[PDB]
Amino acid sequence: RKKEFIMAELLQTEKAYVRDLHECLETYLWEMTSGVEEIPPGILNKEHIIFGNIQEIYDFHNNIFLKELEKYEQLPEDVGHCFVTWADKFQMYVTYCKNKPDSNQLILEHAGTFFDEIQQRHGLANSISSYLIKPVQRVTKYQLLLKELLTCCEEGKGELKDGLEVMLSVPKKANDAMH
């Protein structure tokens, strides 16, 4: 029963993470690239700095990772292998984290209220900053979920250890990549 609640949460939160990145890309990013609106010269053509590689992070989750996590729904004790299989894709969070301080200052020093007006107009509870921290949050959370699976799965559960290993290595490598 506990392994099931943890798997359910893994999945429900993966879906929400996918929905959150999708909203970020289709509201805040789309207003920059669209050509529907006046973009401060401070940030013009600087969407690569603002959003880092979040598009590529989203494509991973939305094209691959969520569909594969779904396949492990009845195999919670095996889900660490999902992370092992896709370890290389998670390397993009290293790039994302590296960039995030540059992202935040750019929005601070140069965007004025561009993104706040987008938020108001779209009626979003979350600000561009709230959305842009999410990848940092999500990549440090997988290891918590796996640890919880370790507390309630048998010794046929090094299909968690190796997963957790990867999911501890990624955020550490991201952390160590910062200035």
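We number the residues from 1 along the sequence you see.
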Compare the mean C-alpha B-factor of 51-59 with that of 106-114 as given in the PDB entry, and name the stretch with the higher value. 106-114
Mean B factor on CA atoms, stretches 146-154 and 31-39, record says higher is 31-39
Compare the CA B factors listed in the entry for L66, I133, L44, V139 and report the winner. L44
Using only modelled residues of the chain, where does the Cα B factor of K100 rank: lowest third, middle third or highest third? middle
Binned into thirds over the chain's modelled residues, the C-alpha B-factor of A174 lands in the middle
Which third, lowest, middle or highest, does the C-alpha temperature factor of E9 belong to within its own chain? lowest
Could you say whether, by C-alpha temperature factor, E165 belongs to the lowest, middle or highest third of its chain? highest
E159: which third of its chain by C-alpha temperature factor? highest
